[PDB]
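Participant: Right, I'll just put the structure down here and ask away after.
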Amino acid sequence: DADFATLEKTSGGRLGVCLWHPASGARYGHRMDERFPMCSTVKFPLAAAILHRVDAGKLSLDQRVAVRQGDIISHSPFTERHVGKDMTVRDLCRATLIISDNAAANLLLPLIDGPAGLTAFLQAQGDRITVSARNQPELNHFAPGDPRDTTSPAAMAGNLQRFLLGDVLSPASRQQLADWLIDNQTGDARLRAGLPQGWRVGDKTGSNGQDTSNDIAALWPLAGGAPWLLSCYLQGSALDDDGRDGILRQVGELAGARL
């Protein structure tokens with residue numbers, strides 16, 4: 001927890017990291033309780049809330065949601081192909097997670113009573129910090145003192161534990177959720193690029209395109225054993241997307257030396 005301070009100086013802005021090993025209780029990080037904008041990382045608790053409602057019989061992964069032209073916004077590469085028809089909830093979950101389909105998240109949110117319902121879901125599972133207030137794209141707005149669409153590195157690391165390793169979800173739902181993060185397509189130049197060999201990575205990313213990039217991940221040891229959880233938030237950085245990706249890569253390098 002001193003390498004992160006040195007790394008934060010390179011970034012500019014605020015760097016929040018939480019590396020947690022639940023089986024042993026080891027914890028490393030920096031600004032672990034400060035609030036950072038979630039950006040697209042809000043899609044991970046969004047998918048878990050969907051699966052939890054599915055496990056409760058109040059929703060089905062095979063029910064289909066209509067897609068109209070008004071639902072399409074920027075960076076929605078899968079939902080834009082289904083204007084005038086429908087898509088299964090399962091495919092909407094996959095699209096919003098592995099490629100960060102923005103419209104797919106706006107179509108999943110009303111199924112769990114919107115951002116207010118997502119916050120109510122997070123509070124019921126034990127997360128009293130994370131606040132989900134808006135949908136895409138305005139959830140990327142952030143200002144100090146404004147807790148809307150924010151989380152903490154420790155809170156999101158705990159959510160990774162509850163939904164992937166805990167018993168919040170059914171064994172089939174939590175394994176499907178892990179498989180989605182493993183199939184992520186947007187994190188090759190971020191945490192994955194710095195993490196060492198011998199670990200399976202599942203992650204979800206986020207970015208505002210100017211000064212904020214986030215990446216939360218689960219670290220399964222390929223040689224068997226208990227997994228780690230790594231949340232990383234970088235807000236207000238002076239580096240652009242490629243530079244912030246380099247900071248996220250170095251976070252993976254620092255975490256790899258602590259495994």
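As shown in the structure tokens, the chain order sets the letters A, B, ...; within each chain, residues go from 1, and ligands are also counted from 1 in the order they appear.
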Mind listing the alpha helix (DSSP H) residues of range 112-240 of chain A, per DSSP on the backbone, as a ChimeraX atom specification?
Facilitator: /A:114-124,153-160,171-182,191-194
Participant: Write the residues of the preceding selection, restricted to C-alpha atoms, as a PDB file, in the first residue's frame.
Facilitator:
```pdb
ATOM      1  CA  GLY A 114     -34.541   0.756 -12.379  1.00  0.00           C
ATOM      2  CA  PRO A 115     -31.481   2.194 -10.637  1.00  0.00           C
ATOM      3  CA  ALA A 116     -33.458   2.650  -7.411  1.00  0.00           C
ATOM      4  CA  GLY A 117     -34.212  -1.074  -7.428  1.00  0.00           C
ATOM      5  CA  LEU A 118     -30.568  -1.861  -8.164  1.00  0.00           C
ATOM      6  CA  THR A 119     -29.557   0.196  -5.126  1.00  0.00           C
ATOM      7  CA  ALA A 120     -32.227  -1.537  -3.031  1.00  0.00           C
ATOM      8  CA  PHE A 121     -30.857  -4.886  -4.207  1.00  0.00           C
ATOM      9  CA  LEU A 122     -27.307  -3.896  -3.243  1.00  0.00           C
ATOM     10  CA  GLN A 123     -28.426  -2.746   0.214  1.00  0.00           C
ATOM     11  CA  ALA A 124     -30.290  -6.003   0.855  1.00  0.00           C
ATOM     12  CA  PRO A 153     -13.051  -0.126  -4.180  1.00  0.00           C
ATOM     13  CA  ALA A 154     -13.842  -2.151  -1.050  1.00  0.00           C
ATOM     14  CA  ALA A 155     -17.591  -2.187  -1.718  1.00  0.00           C
ATOM     15  CA  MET A 156     -17.242  -3.402  -5.307  1.00  0.00           C
ATOM     16  CA  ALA A 157     -14.642  -5.993  -4.304  1.00  0.00           C
ATOM     17  CA  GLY A 158     -17.175  -7.249  -1.767  1.00  0.00           C
ATOM     18  CA  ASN A 159     -19.884  -7.391  -4.428  1.00  0.00           C
ATOM     19  CA  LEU A 160     -17.567  -9.565  -6.522  1.00  0.00           C
ATOM     20  CA  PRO A 171     -24.717 -22.342  -8.436  1.00  0.00           C
ATOM     21  CA  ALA A 172     -25.901 -22.121 -12.054  1.00  0.00           C
ATOM     22  CA  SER A 173     -26.457 -18.352 -11.978  1.00  0.00           C
ATOM     23  CA  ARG A 174     -23.152 -17.541 -10.279  1.00  0.00           C
ATOM     24  CA  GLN A 175     -21.250 -19.816 -12.665  1.00  0.00           C
ATOM     25  CA  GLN A 176     -22.986 -18.173 -15.629  1.00  0.00           C
ATOM     26  CA  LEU A 177     -22.050 -14.775 -14.180  1.00  0.00           C
ATOM     27  CA  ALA A 178     -18.420 -15.863 -13.792  1.00  0.00           C
ATOM     28  CA  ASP A 179     -18.383 -17.256 -17.340  1.00  0.00           C
ATOM     29  CA  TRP A 180     -19.596 -13.873 -18.617  1.00  0.00           C
ATOM     30  CA  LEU A 181     -16.765 -12.005 -16.875  1.00  0.00           C
ATOM     31  CA  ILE A 182     -14.283 -14.607 -18.145  1.00  0.00           C
ATOM     32  CA  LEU A 191      -5.751  -5.541 -15.560  1.00  0.00           C
ATOM     33  CA  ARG A 192      -5.321  -8.664 -17.716  1.00  0.00           C
ATOM     34  CA  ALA A 193      -2.242  -7.155 -19.386  1.00  0.00           C
ATOM     35  CA  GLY A 194      -0.392  -6.871 -16.059  1.00  0.00           C
TER      36      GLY A 194
END
```
Participant: Write out as a ChimeraX atom specification which residues come within 10 Å of residue 104 in chain A when counting only C-alpha atoms, dropping same-chain ones fewer than 4 positions away.
Facilitator: /A:43,65,67,71-73,76-80,87,89,91-97,100,108-109,136
Participant: So how far away is CA of residue 149 in chain A from CA of residue 106 in chain A, in Å?
Facilitator: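 Going from CA of residue 106 in chain A over to CA of residue 149 in chain A, I get 14.2 Å.
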Participant: For each of A:244, A:21, A:85, A:30, take the minimum atom-to-atom distance to residue 66 in chain A, counting only C-alpha atoms, then give the residue where this is smallest.
Facilitator: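 Selected residue with least distance to residue 66 in chain A: A:85.
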Participant: List the neighbours of residue 227 in chain A out to 7 Å using only C-alpha atoms; skip same-chain residues closer than 6 positions along the sequence, and give me the result as an NGL selection string.
Facilitator: :A and (21 or 218-221)
Participant: Just the number, please: distance in Å from CA of residue 37 in chain A to CA of residue 185 in chain A, one decimal.
Facilitator: 21.3 Å
Participant: Smallest atom-to-atom distance to residue 163 in chain A: which of A:189, A:230, A:48, A:248, using only C-alpha atoms?
Facilitator: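 The answer is A:48, which sits nearest to residue 163 in chain A.
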Participant: For residue 112 in chain A, work out the shell of residues within 8 Å, counting only C-alpha atoms and skipping chain neighbours fewer than 6 positions away, then give it as number ranges by chain.
Facilitator: A: 49-50, 53, 118
Participant: Just list as a PyMOL selection string whatever in range 61-240 of chain A DSSP marks as strand (DSSP E).
Facilitator: chain A and resi 64-66+86-88+150-151+199-207+213-221+228-235
Participant: Hey, can you spit out that residue selection with N, CA and C atoms as a CSV table (one decimal), in the first residue's frame?
Facilitator:
```
chain,number,residue,atom,x,y,z
A,64,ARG,N,-38.1,-12.4,-23.3
A,64,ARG,CA,-37.5,-11.5,-24.3
A,64,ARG,C,-38.0,-10.1,-24.2
A,65,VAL,N,-37.2,-9.1,-24.4
A,65,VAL,CA,-37.5,-7.7,-24.3
A,65,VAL,C,-37.4,-7.1,-25.6
A,66,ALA,N,-38.5,-6.3,-26.0
A,66,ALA,CA,-38.5,-5.6,-27.3
A,66,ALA,C,-37.5,-4.6,-27.3
A,86,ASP,N,-37.0,-8.8,-30.6
A,86,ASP,CA,-36.7,-8.8,-29.2
A,86,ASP,C,-35.4,-9.7,-29.0
A,87,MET,N,-34.9,-9.6,-27.7
A,87,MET,CA,-33.7,-10.4,-27.3
A,87,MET,C,-34.0,-11.0,-25.9
A,88,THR,N,-33.5,-12.2,-25.7
A,88,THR,CA,-33.6,-12.8,-24.4
A,88,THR,C,-32.8,-12.0,-23.4
A,150,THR,N,-21.9,6.0,-7.9
A,150,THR,CA,-20.6,5.9,-7.3
A,150,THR,C,-20.5,4.6,-6.5
A,151,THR,N,-19.3,4.1,-6.3
A,151,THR,CA,-19.0,3.0,-5.4
A,151,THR,C,-17.7,3.2,-4.7
A,199,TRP,N,-3.3,-17.6,-13.8
A,199,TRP,CA,-4.6,-17.1,-13.1
A,199,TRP,C,-5.6,-16.9,-14.2
A,200,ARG,N,-6.8,-17.4,-14.0
A,200,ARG,CA,-7.9,-17.1,-14.9
A,200,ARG,C,-8.6,-15.8,-14.4
A,201,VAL,N,-8.8,-14.9,-15.4
A,201,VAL,CA,-9.3,-13.6,-15.1
A,201,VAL,C,-10.7,-13.4,-15.7
A,202,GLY,N,-11.7,-12.9,-14.8
A,202,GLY,CA,-12.9,-12.4,-15.3
A,202,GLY,C,-13.1,-11.0,-14.9
A,203,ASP,N,-13.5,-10.1,-15.7
A,203,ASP,CA,-13.5,-8.7,-15.4
A,203,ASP,C,-14.6,-7.9,-16.1
A,204,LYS,N,-14.9,-6.7,-15.6
A,204,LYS,CA,-15.8,-5.8,-16.2
A,204,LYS,C,-15.1,-4.4,-16.1
A,205,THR,N,-15.2,-3.7,-17.2
A,205,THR,CA,-14.5,-2.4,-17.4
A,205,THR,C,-15.5,-1.2,-17.4
A,206,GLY,N,-14.9,0.0,-17.5
A,206,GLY,CA,-15.7,1.2,-17.6
A,206,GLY,C,-14.8,2.4,-18.0
A,207,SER,N,-15.4,3.4,-18.7
A,207,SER,CA,-14.6,4.5,-19.1
A,207,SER,C,-15.5,5.6,-19.5
A,213,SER,N,-11.2,5.7,-16.0
A,213,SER,CA,-11.2,4.3,-16.4
A,213,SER,C,-11.2,3.3,-15.2
A,214,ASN,N,-12.1,2.3,-15.2
A,214,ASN,CA,-12.3,1.4,-14.1
A,214,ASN,C,-12.2,0.0,-14.6
A,215,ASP,N,-11.8,-0.9,-13.7
A,215,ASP,CA,-11.8,-2.4,-14.0
A,215,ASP,C,-11.8,-3.2,-12.8
A,216,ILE,N,-12.8,-4.0,-12.6
A,216,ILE,CA,-13.0,-4.9,-11.5
A,216,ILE,C,-12.9,-6.3,-12.0
A,217,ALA,N,-12.2,-7.2,-11.2
A,217,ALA,CA,-11.9,-8.5,-11.7
A,217,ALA,C,-11.9,-9.6,-10.5
A,218,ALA,N,-12.0,-10.8,-10.9
A,218,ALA,CA,-11.9,-12.0,-10.1
A,218,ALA,C,-10.7,-12.8,-10.6
A,219,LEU,N,-9.9,-13.3,-9.7
A,219,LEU,CA,-8.6,-14.0,-10.0
A,219,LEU,C,-8.7,-15.4,-9.5
A,220,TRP,N,-9.0,-16.4,-10.4
A,220,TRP,CA,-9.0,-17.8,-10.1
A,220,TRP,C,-7.6,-18.4,-10.4
A,221,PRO,N,-7.0,-19.0,-9.4
A,221,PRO,CA,-5.7,-19.7,-9.7
A,221,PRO,C,-5.9,-21.0,-10.5
A,228,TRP,N,-8.7,-14.5,-5.7
A,228,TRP,CA,-8.6,-13.2,-5.2
A,228,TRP,C,-9.7,-12.3,-5.9
A,229,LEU,N,-9.9,-11.1,-5.4
A,229,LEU,CA,-10.7,-10.1,-6.0
A,229,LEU,C,-10.0,-8.8,-6.1
A,230,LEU,N,-10.1,-8.1,-7.2
A,230,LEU,CA,-9.3,-6.9,-7.5
A,230,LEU,C,-10.3,-5.9,-8.1
A,231,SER,N,-10.5,-4.8,-7.4
A,231,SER,CA,-11.3,-3.6,-7.9
A,231,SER,C,-10.3,-2.5,-8.1
A,232,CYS,N,-10.5,-1.7,-9.2
A,232,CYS,CA,-9.6,-0.7,-9.5
A,232,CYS,C,-10.4,0.5,-10.2
A,233,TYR,N,-10.3,1.7,-9.6
A,233,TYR,CA,-11.0,2.8,-10.1
A,233,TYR,C,-10.0,4.0,-10.2
A,234,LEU,N,-10.0,4.6,-11.4
A,234,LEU,CA,-9.1,5.8,-11.7
A,234,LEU,C,-9.9,6.9,-12.2
A,235,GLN,N,-10.1,7.9,-11.4
A,235,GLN,CA,-11.0,9.1,-11.7
A,235,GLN,C,-10.2,10.4,-11.8
```
Participant: Counting only C-alpha atoms, figure out which residue out of A:195, A:107, A:169, A:39 gets nearest to residue 51 in chain A.
Facilitator: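 Checking each candidate against residue 51 in chain A, we get A:169 as the closest.
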Participant: Counting only C-alpha atoms, which of A:99, A:15, A:4, A:168 gets nearest to residue 186 in chain A?
Facilitator: A:99
Participant: For each of A:57, A:22, A:27, A:1, take the minimum atom-to-atom distance to residue 162 in chain A, counting only C-alpha atoms, then give the residue where this is smallest.
Facilitator: A:22
